[PDB]
Amino acid sequence: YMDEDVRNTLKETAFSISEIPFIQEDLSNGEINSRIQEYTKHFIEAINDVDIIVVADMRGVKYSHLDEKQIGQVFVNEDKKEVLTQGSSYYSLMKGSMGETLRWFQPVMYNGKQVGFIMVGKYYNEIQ
Amino acid sequence: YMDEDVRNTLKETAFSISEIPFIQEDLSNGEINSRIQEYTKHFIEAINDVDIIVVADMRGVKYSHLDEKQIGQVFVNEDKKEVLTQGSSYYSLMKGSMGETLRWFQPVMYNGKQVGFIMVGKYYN
Amino acid sequence: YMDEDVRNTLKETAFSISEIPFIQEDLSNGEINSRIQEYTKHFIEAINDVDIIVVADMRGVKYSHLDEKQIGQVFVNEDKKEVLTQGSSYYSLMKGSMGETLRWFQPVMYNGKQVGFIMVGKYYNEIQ
Amino acid sequence: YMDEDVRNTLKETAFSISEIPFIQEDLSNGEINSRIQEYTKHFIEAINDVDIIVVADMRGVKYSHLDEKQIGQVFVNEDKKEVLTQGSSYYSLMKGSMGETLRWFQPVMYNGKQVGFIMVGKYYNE
Amino acid sequence: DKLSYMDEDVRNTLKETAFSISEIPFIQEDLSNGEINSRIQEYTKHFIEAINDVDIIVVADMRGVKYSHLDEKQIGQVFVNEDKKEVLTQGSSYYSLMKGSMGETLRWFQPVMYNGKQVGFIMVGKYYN
Amino acid sequence: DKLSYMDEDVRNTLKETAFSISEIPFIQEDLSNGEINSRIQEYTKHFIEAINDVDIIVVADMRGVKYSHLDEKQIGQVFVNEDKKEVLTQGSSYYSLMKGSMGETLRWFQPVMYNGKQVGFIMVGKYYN
Ligand SMILES: [Cl-]
Ligand SMILES: [Cl-]
Ligand SMILES: [Cl-]
Ligand SMILES: [Zn+2]
Ligand SMILES: [Zn+2]
Ligand SMILES: [Zn+2]
């Protein structure tokens with residue numbers, strides 16, 4: 001399902017954030033501010049279709065928040081059978097991950113110049 | 001080989017947590033406790049090689065924490081080039097993920113019976 | 001000074017918040033959510049020209065944040081001379097306040113119906 | 001006249017804080033301490049009749065906290081009718097404020113000398 | 001000929017601190033109500049942190065200790081100093097029953113009143129090695 | 001004929017708890033570094049809260065007690081019970097010196113190692129009236 005509701009939510013969310021004056025200034029400045037970091041947490045919490053939010057400046061990811069329960073399952077689901085059925089302790093390398101993730105990338109501008117980008121996404125473990 | 005320092009850290013960390021009385025009782029009880037949830041956060045924060053920590057009871061994942069910066073990059077890395085270089089907006093569907101993640105599974109026991117497990121892992125490219 | 005920079009900041013800020021899906025749902029629902037409450041705090045902190053932010057539903061003010069230092073002075077300034085110069089303890093009635101405060105009112109809509117409003121303002125103790 | 005219950009609460013509250021050793025030392029020192037700042041927040045939260053609390057040294061206001069819902073209404077009340085009834089957007093300049101606010105000023109002393117004061121108040125519409 | 005000692009500075013700090021807290025309206029209501037409030041609990045922490053001579057603060061209602069805070073470094077040493085020798089000088093690991101402390105602790109007890117009736121008390125103290 | 005008593009459940013809980021904490025990488029690094037970290041401080045609080053038999057937890061470096069947490073209700077009573085009587089029954093404000101303490105406290109000491117060298121210790125205990 002790549003329904004428009006989701007597509008829309010992702011775009012509006014990313015856009016809204018991209019238009020915030022202080023978000024723009026922050027990316028420009030390069031200074032790390034934990035309150036901005038915290039600011040992104042609201043979107044994961046209050047918007048069901050947003051499982052991941054990333055705010056990056058031109059150097060890279062600066063702030064980031066994820067739906068910890070949702071994303072956590074991604075890294076567990078596979079190869080959990082052994083420990084659960086025996087009481088066996090072991091190592092397991094997981095190459096890549098299961099499922100798919102829909103993302104929307106939105107650049108961020110300040111005083112006419114691009115200072116970074118914002119990515120917003122939803123995770124899918126099934127398909128339909 | 002596969003760096004023993006890391007392998008060690010993962011195992012000790014998971015073991016340590018497995019041996020905590022209240023962690024054992026909690027998994028047995030089935031009740032959800034936010035302080036336990038918070039307890040796991042210390043390991044991500046204070047241990048560099050721990051990017052993911054999961055605590056599950058026999059039903060499934062109960063508590064969980066991730067290094068949000070680390071894991072966030074997983075979902076970005078691929079297809080970030082365009083927006084960064086040409087300043088354009090778009091959708092991009094990512095099937096699975098790039099890189100690899102080393103995990104260690106540790107069962108959890110209470111009064112002789114297994115009540116769940118703990119997974120601890122590090123992400124790589 | 002009723003310069004456009006300020007006027008603009010107030011309007012954008014209020015508009016931005018009015019367009020947030022979860023802000024709309026929250027006012028509709030009537031449930032009190034402390035994370036929304038906290039959400040408004042970012043605007044006071046990060047935007048210099050915003051000294052006050054109020055979010056009200058149709059019953060009244062629901063969430064609110066103020067620049068505590070800025071607004072605090074309003075209630076002190078007057079009649080502080082005595083205690084400061086003598087060591088006199090006393091009561092003093094102040095009606096109402098000094099200075100002026102520029103505000104912008106923005107309604108909030110959800111599914112086509114108005115569910116409340118948002119007020120954003122800046123305080124002035126002088127004039128120019 | 002007023003209401004003595006309130007008058008009393010304001011006075012006790014201010015007095016209590018005045019008598020705290022660390023509050024006295026802090027005003028004397030001039031150093032800014034966020035834990036003291038936080039200390040004042042309890043009074044707004046836990047005491048219904050306290051809408052404003054200010055702690056000032058001889059230079060001026062140093063720490064301060066307000067009942068954000070209470071004080072917020074002051075700045076709204078007056079010109080809210082329009083947006084609420086006709087759903088329209090606009091600017092509105094408010095000269096001063098409506099209502100009245102009862103305050104109590106209490107000096108603060110350290111080693112015999114006055115180092116500041118504490119103001120505690122309640123806001124009223126009528 | 002004996003010689004006792006009396007530091008009034010400390011004695012005064014303890015009394016003013018306890019009194020101050022006793023006079024707080026919300027402290028009184030809280031003890032009356034019986035409800036547990038973590039913000040009150042936190043409120044007591046300021047006194048340990050900001051007042052050097054206050055190593056212990058206890059707030060009790062008529063049932064018993066309700067809120068409490070201690071200077072963790074100061075009080076911690078009490079439980080170590082005595083049987084810390086072994087672990088510290090190649091012990092290493094062991095069990096030990098300690099009775100009593102030792103050292104001495106000066107306390108001041110202050111009752112708490114609400115609407116004319118006593119609803120509890122406040123104890124404030126300093127520890128001496 | 002005397003009769004000692006030995007509750008292994010408790011003895012066990014204390015030892016596993018202390019051991020567990022000793023084995024935490026960041027606990028080891030922290031003691032080595034000497035820097036004070038409030039999150040570590042907070043980390044120790046979980047054990048008091050969630051483990052009934054743990055009334056005291058102390059984490060010390062080679063200099064001394066660094067972090068510490070106590071079951072504030074439990075330990076508070078220690079400092080009250082003895083000269084609690086007068087304030088609770090009569091008036092009644094006063095000063096009181098308590099020499100040492102009543103009751104007994106079972107502790108377990110566990111050293112802490114980092115990169116082969118001992119950087120401190122952890123003490124875990126339960127109080128008995
Ligand atoms: Cl499997
Ligand atoms: Cl790419
Ligand atoms: Cl004046
Ligand atoms: Zn926030
Ligand atoms: Zn914690
Ligand atoms: Zn506080």
# chains A, B, ... in the order shown; residues from 1 in each chain; ligands from 1
$ interface_residues --of "chain D" --to "chain C" --cutoff "8 Å" --atoms "only C-alpha atoms" --output "ChimeraX atom specification"
/D:52,54,58,61,63-66,68-69,72-73,75-76,80,83-84,87-107,114,116-117,119
$ write_last_selection --atoms "C-alpha atoms" --output "short mmCIF file (atom, residue, chain, number, x, y, z; two decimals), in the first residue's frame"
data_model
loop_
_atom_site.label_atom_id
_atom_site.label_comp_id
_atom_site.auth_asym_id
_atom_site.auth_seq_id
_atom_site.Cartn_x
_atom_site.Cartn_y
_atom_site.Cartn_z
CA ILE D 52 3.81 34.77 40.34
CA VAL D 54 10.06 36.71 41.70
CA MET D 58 20.04 44.33 44.35
CA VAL D 61 15.14 40.15 38.90
CA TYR D 63 14.92 34.12 39.18
CA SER D 64 11.24 34.07 38.22
CA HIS D 65 8.30 31.76 37.58
CA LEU D 66 4.64 32.30 36.66
CA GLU D 68 1.59 30.13 32.65
CA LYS D 69 -2.12 29.28 32.19
CA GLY D 72 -1.55 33.66 29.66
CA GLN D 73 -5.27 34.49 30.00
CA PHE D 75 -2.87 38.52 27.40
CA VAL D 76 -5.78 36.80 25.63
CA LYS D 80 -10.40 36.97 21.61
CA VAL D 83 -11.35 34.93 16.17
CA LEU D 84 -13.63 32.74 18.30
CA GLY D 87 -13.05 32.55 12.54
CA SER D 88 -10.81 35.44 11.35
CA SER D 89 -7.09 36.20 11.57
CA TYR D 90 -5.75 39.54 12.85
CA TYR D 91 -3.30 41.65 14.86
CA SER D 92 -4.25 43.30 18.13
CA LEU D 93 -2.27 45.67 20.27
CA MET D 94 -3.05 45.64 23.95
CA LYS D 95 -2.07 48.66 25.96
CA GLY D 96 -1.29 47.53 29.51
CA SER D 97 -3.45 44.78 30.99
CA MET D 98 -6.84 44.23 32.61
CA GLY D 99 -7.46 43.05 36.09
CA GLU D 100 -5.41 43.51 39.20
CA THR D 101 -2.54 41.67 40.88
CA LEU D 102 -1.93 41.55 44.63
CA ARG D 103 1.73 41.31 45.55
CA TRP D 104 3.78 41.01 48.68
CA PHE D 105 7.34 42.24 48.83
CA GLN D 106 9.73 40.65 51.30
CA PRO D 107 13.31 41.73 51.67
CA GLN D 114 19.93 43.18 52.67
CA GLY D 116 17.61 41.43 47.59
CA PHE D 117 13.91 40.78 47.85
CA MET D 119 7.87 39.18 45.50
#
$ residues_near_ligand --ligand "ligand 4" --cutoff "7 Å" --atoms "only C-alpha atoms and all ligand atoms" --output "list in words"
residues 35, 38, 39, 41 and 42 of chain A; 35, 38, 39, 41 and 42 of chain C
$ write_last_selection --atoms "C-alpha atoms" --output "PDB file, in the first residue's frame"
ATOM      1  CA  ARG A  35      16.096  21.107  22.478  1.00  0.00           C
ATOM      2  CA  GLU A  38      13.862  16.909  21.390  1.00  0.00           C
ATOM      3  CA  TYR A  39      11.640  18.956  19.030  1.00  0.00           C
ATOM      4  CA  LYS A  41      10.492  13.610  18.992  1.00  0.00           C
ATOM      5  CA  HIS A  42       6.967  15.037  18.895  1.00  0.00           C
TER       6      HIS A  42
ATOM      7  CA  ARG C  35       3.761  16.652  25.329  1.00  0.00           C
ATOM      8  CA  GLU C  38       5.814  21.033  26.004  1.00  0.00           C
ATOM      9  CA  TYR C  39       5.718  21.402  22.174  1.00  0.00           C
ATOM     10  CA  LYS C  41       7.806  25.764  24.742  1.00  0.00           C
ATOM     11  CA  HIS C  42      10.191  25.524  21.769  1.00  0.00           C
TER      12      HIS C  42
END
$ select_by_dssp --residues "chain E" --states "strand (DSSP E)" --output "PyMOL selection string"
chain E and resi 56-61+65-70+94-98+104-114+117-128
$ select_by_dssp --residues "chain F" --states "alpha helix (DSSP H)" --output "ChimeraX atom specification"
/F:8-22,25-33,38-50,72-80,85-89
$ interface_residues --of "chain F" --to "chain B" --cutoff "8 Å" --atoms "only C-alpha atoms" --output "list in words"
residues 13, 16, 17, 20, 21, 23, 24, 25, 26, 39, 43, 46, 47, 50 and 51 of chain F
$ atom_distance --atom1 "CA of residue 54 in chain E" --atom2 "CA of residue 10 in chain E"
8.7 Å
$ closest_atom_pairs --of "chain B" --to "chain A" --cutoff "7 Å" --atoms "only C-alpha atoms" --output "Markdown table"
| residue | atom | partner | partner_atom | distance |
| --- | --- | --- | --- | --- |
| B:64 | CA | A:69 | CA | 6.2 |
| B:65 | CA | A:68 | CA | 5.9 |
| B:66 | CA | A:68 | CA | 6.6 |
| B:68 | CA | A:65 | CA | 5.6 |
| B:69 | CA | A:64 | CA | 5.6 |
| B:72 | CA | A:64 | CA | 6.2 |
| B:73 | CA | A:61 | CA | 6.9 |
| B:83 | CA | A:107 | CA | 6.1 |
| B:87 | CA | A:107 | CA | 5.9 |
| B:88 | CA | A:107 | CA | 6.6 |
| B:89 | CA | A:106 | CA | 5.0 |
| B:90 | CA | A:105 | CA | 5.5 |
| B:91 | CA | A:104 | CA | 4.4 |
| B:92 | CA | A:103 | CA | 5.2 |
| B:93 | CA | A:102 | CA | 4.5 |
| B:94 | CA | A:101 | CA | 5.1 |
| B:95 | CA | A:100 | CA | 4.4 |
| B:96 | CA | A:97 | CA | 4.7 |
| B:97 | CA | A:96 | CA | 4.4 |
| B:98 | CA | A:96 | CA | 5.0 |
| B:99 | CA | A:96 | CA | 5.5 |
| B:100 | CA | A:95 | CA | 4.5 |
| B:101 | CA | A:94 | CA | 5.3 |
| B:102 | CA | A:93 | CA | 4.6 |
| B:103 | CA | A:92 | CA | 5.3 |
| B:104 | CA | A:91 | CA | 4.4 |
| B:105 | CA | A:89 | CA | 5.4 |
| B:106 | CA | A:89 | CA | 4.8 |
| B:107 | CA | A:87 | CA | 5.7 |
| B:116 | CA | A:84 | CA | 7.0 |
$ atom_distance --atom1 "CA of residue 124 in chain D" --atom2 "CA of residue 15 in chain D"
22.2 Å
$ interface_residues --of "chain C" --to "chain A" --cutoff "10 Å" --atoms "only C-alpha atoms" --output "mmCIF file with N, CA, C and O atoms, in the first residue's frame"
data_model
loop_
_atom_site.group_PDB
_atom_site.id
_atom_site.type_symbol
_atom_site.label_atom_id
_atom_site.label_comp_id
_atom_site.auth_asym_id
_atom_site.auth_seq_id
_atom_site.Cartn_x
_atom_site.Cartn_y
_atom_site.Cartn_z
ATOM 1 N N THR C 9 7.036 37.383 11.892
ATOM 2 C CA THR C 9 7.401 36.280 12.762
ATOM 3 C C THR C 9 6.192 35.760 13.539
ATOM 4 O O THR C 9 5.989 34.554 13.660
ATOM 5 N N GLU C 12 3.792 33.887 10.999
ATOM 6 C CA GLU C 12 4.316 32.618 10.511
ATOM 7 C C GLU C 12 4.269 31.581 11.614
ATOM 8 O O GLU C 12 3.881 30.445 11.396
ATOM 9 N N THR C 13 4.713 31.989 12.788
ATOM 10 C CA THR C 13 4.788 31.102 13.911
ATOM 11 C C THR C 13 3.434 30.530 14.237
ATOM 12 O O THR C 13 3.275 29.324 14.393
ATOM 13 N N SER C 16 2.183 28.275 11.246
ATOM 14 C CA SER C 16 2.863 27.017 11.256
ATOM 15 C C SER C 16 2.213 26.064 12.240
ATOM 16 O O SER C 16 1.865 24.932 11.892
ATOM 17 N N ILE C 17 2.032 26.525 13.467
ATOM 18 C CA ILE C 17 1.440 25.686 14.503
ATOM 19 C C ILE C 17 -0.004 25.305 14.157
ATOM 20 O O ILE C 17 -0.407 24.163 14.385
ATOM 21 N N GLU C 19 -1.269 24.737 11.342
ATOM 22 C CA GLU C 19 -1.287 23.728 10.289
ATOM 23 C C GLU C 19 -0.825 22.334 10.702
ATOM 24 O O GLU C 19 -0.873 21.417 9.901
ATOM 25 N N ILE C 20 -0.403 22.152 11.945
ATOM 26 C CA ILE C 20 0.064 20.826 12.397
ATOM 27 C C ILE C 20 -1.111 19.879 12.653
ATOM 28 O O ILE C 20 -1.947 20.135 13.506
ATOM 29 N N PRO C 21 -1.161 18.770 11.934
ATOM 30 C CA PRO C 21 -2.237 17.814 12.144
ATOM 31 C C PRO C 21 -2.512 17.486 13.621
ATOM 32 O O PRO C 21 -3.640 17.599 14.056
ATOM 33 N N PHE C 22 -1.491 17.094 14.383
ATOM 34 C CA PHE C 22 -1.715 16.693 15.775
ATOM 35 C C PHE C 22 -2.184 17.829 16.672
ATOM 36 O O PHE C 22 -2.804 17.588 17.698
ATOM 37 N N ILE C 23 -1.901 19.060 16.289
ATOM 38 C CA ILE C 23 -2.374 20.208 17.060
ATOM 39 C C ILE C 23 -3.868 20.324 16.848
ATOM 40 O O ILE C 23 -4.613 20.647 17.771
ATOM 41 N N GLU C 25 -6.011 17.820 15.866
ATOM 42 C CA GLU C 25 -6.672 16.695 16.519
ATOM 43 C C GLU C 25 -6.773 16.912 18.025
ATOM 44 O O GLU C 25 -7.814 16.644 18.627
ATOM 45 N N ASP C 26 -5.694 17.409 18.630
ATOM 46 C CA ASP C 26 -5.671 17.626 20.059
ATOM 47 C C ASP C 26 -6.754 18.582 20.511
ATOM 48 O O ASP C 26 -7.451 18.306 21.494
ATOM 49 N N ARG C 35 2.746 16.574 26.387
ATOM 50 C CA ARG C 35 3.761 16.652 25.329
ATOM 51 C C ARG C 35 3.402 17.810 24.363
ATOM 52 O O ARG C 35 4.286 18.473 23.842
ATOM 53 N N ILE C 36 2.112 18.059 24.137
ATOM 54 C CA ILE C 36 1.705 19.183 23.294
ATOM 55 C C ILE C 36 2.051 20.450 24.043
ATOM 56 O O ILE C 36 2.555 21.426 23.480
ATOM 57 N N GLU C 38 4.375 20.863 26.138
ATOM 58 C CA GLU C 38 5.814 21.033 26.004
ATOM 59 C C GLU C 38 6.190 21.508 24.583
ATOM 60 O O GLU C 38 7.093 22.342 24.431
ATOM 61 N N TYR C 39 5.475 21.011 23.564
ATOM 62 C CA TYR C 39 5.718 21.402 22.174
ATOM 63 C C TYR C 39 5.734 22.917 21.977
ATOM 64 O O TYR C 39 6.566 23.447 21.233
ATOM 65 N N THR C 40 4.858 23.626 22.674
ATOM 66 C CA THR C 40 4.791 25.091 22.530
ATOM 67 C C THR C 40 5.988 25.810 23.134
ATOM 68 O O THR C 40 6.263 26.958 22.801
ATOM 69 N N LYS C 41 6.694 25.143 24.036
ATOM 70 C CA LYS C 41 7.806 25.764 24.742
ATOM 71 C C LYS C 41 8.955 26.087 23.793
ATOM 72 O O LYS C 41 9.673 27.067 23.996
ATOM 73 N N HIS C 42 9.118 25.286 22.745
ATOM 74 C CA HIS C 42 10.191 25.524 21.769
ATOM 75 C C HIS C 42 10.166 26.895 21.111
ATOM 76 O O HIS C 42 11.217 27.461 20.790
ATOM 77 N N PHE C 43 8.968 27.418 20.909
ATOM 78 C CA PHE C 43 8.810 28.687 20.234
ATOM 79 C C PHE C 43 9.254 29.858 21.088
ATOM 80 O O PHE C 43 9.896 30.783 20.593
ATOM 81 N N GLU C 45 11.517 29.610 23.542
ATOM 82 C CA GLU C 45 12.977 29.394 23.666
ATOM 83 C C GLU C 45 13.797 29.782 22.465
ATOM 84 O O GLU C 45 14.779 30.520 22.579
ATOM 85 N N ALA C 46 13.383 29.292 21.308
ATOM 86 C CA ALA C 46 14.131 29.502 20.081
ATOM 87 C C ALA C 46 13.810 30.754 19.280
ATOM 88 O O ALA C 46 14.588 31.128 18.430
ATOM 89 N N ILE C 47 12.672 31.397 19.519
ATOM 90 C CA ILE C 47 12.315 32.611 18.760
ATOM 91 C C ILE C 47 12.338 33.809 19.700
ATOM 92 O O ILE C 47 11.545 33.902 20.632
#
$ residues_around --residues "range 114-121 of chain E" --least-positions-apart "2" --cutoff "9 Å" --atoms "only C-alpha atoms" --output "PyMOL selection string"
(chain E and resi 22+25+28-29+31-32+58-64+109-112+123) or (chain F and resi 87-88)
$ residues_near_ligand --ligand "ligand 6" --cutoff "6 Å" --atoms "only C-alpha atoms and all ligand atoms" --output "short mmCIF file (atom, residue, chain, number, x, y, z; two decimals) with N, CA and C atoms, in the first residue's frame"
data_model
loop_
_atom_site.label_atom_id
_atom_site.label_comp_id
_atom_site.auth_asym_id
_atom_site.auth_seq_id
_atom_site.Cartn_x
_atom_site.Cartn_y
_atom_site.Cartn_z
N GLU D 38 14.90 26.50 39.55
CA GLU D 38 13.94 25.40 39.60
C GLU D 38 13.21 25.35 40.96
N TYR D 39 13.94 25.64 42.04
CA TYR D 39 13.37 25.64 43.37
C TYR D 39 12.09 26.47 43.48
N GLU E 42 11.22 15.54 45.56
CA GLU E 42 12.29 16.29 44.91
C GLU E 42 12.58 17.61 45.63
N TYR E 43 11.53 18.27 46.12
CA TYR E 43 11.69 19.54 46.82
C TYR E 43 12.71 19.47 47.95
#
$ residues_near_ligand --ligand "ligand 2" --cutoff "9 Å" --atoms "only C-alpha atoms and all ligand atoms" --output "list in words"
residues 76, 77, 78, 79, 80, 81 and 82 of chain B
$ write_last_selection --atoms "N, CA, C and O atoms" --output "PDB file, in the first residue's frame"
ATOM      1  N   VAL B  76      18.843   6.550   5.776  1.00  0.00           N
ATOM      2  CA  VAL B  76      19.155   7.706   4.949  1.00  0.00           C
ATOM      3  C   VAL B  76      20.184   7.386   3.881  1.00  0.00           C
ATOM      4  O   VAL B  76      19.887   7.419   2.700  1.00  0.00           O
ATOM      5  N   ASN B  77      21.385   7.051   4.324  1.00  0.00           N
ATOM      6  CA  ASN B  77      22.527   6.743   3.468  1.00  0.00           C
ATOM      7  C   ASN B  77      22.243   6.575   1.976  1.00  0.00           C
ATOM      8  O   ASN B  77      22.870   7.227   1.115  1.00  0.00           O
ATOM      9  N   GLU B  78      21.310   5.681   1.691  1.00  0.00           N
ATOM     10  CA  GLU B  78      20.922   5.362   0.344  1.00  0.00           C
ATOM     11  C   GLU B  78      19.925   6.418  -0.168  1.00  0.00           C
ATOM     12  O   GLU B  78      18.938   6.734   0.494  1.00  0.00           O
ATOM     13  N   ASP B  79      20.187   6.965  -1.343  1.00  0.00           N
ATOM     14  CA  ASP B  79      19.325   7.952  -1.998  1.00  0.00           C
ATOM     15  C   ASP B  79      19.306   9.352  -1.389  1.00  0.00           C
ATOM     16  O   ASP B  79      18.373  10.101  -1.612  1.00  0.00           O
ATOM     17  N   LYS B  80      20.319   9.695  -0.611  1.00  0.00           N
ATOM     18  CA  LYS B  80      20.412  11.040  -0.051  1.00  0.00           C
ATOM     19  C   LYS B  80      21.123  11.962  -1.042  1.00  0.00           C
ATOM     20  O   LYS B  80      21.000  13.179  -0.974  1.00  0.00           O
ATOM     21  N   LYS B  81      21.858  11.362  -1.975  1.00  0.00           N
ATOM     22  CA  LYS B  81      22.653  12.114  -2.936  1.00  0.00           C
ATOM     23  C   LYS B  81      21.859  13.187  -3.655  1.00  0.00           C
ATOM     24  O   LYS B  81      22.249  14.341  -3.670  1.00  0.00           O
ATOM     25  N   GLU B  82      20.741  12.812  -4.246  1.00  0.00           N
ATOM     26  CA  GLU B  82      19.945  13.766  -4.989  1.00  0.00           C
ATOM     27  C   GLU B  82      19.586  15.058  -4.254  1.00  0.00           C
ATOM     28  O   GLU B  82      19.847  16.146  -4.764  1.00  0.00           O
TER      29      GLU B  82
END
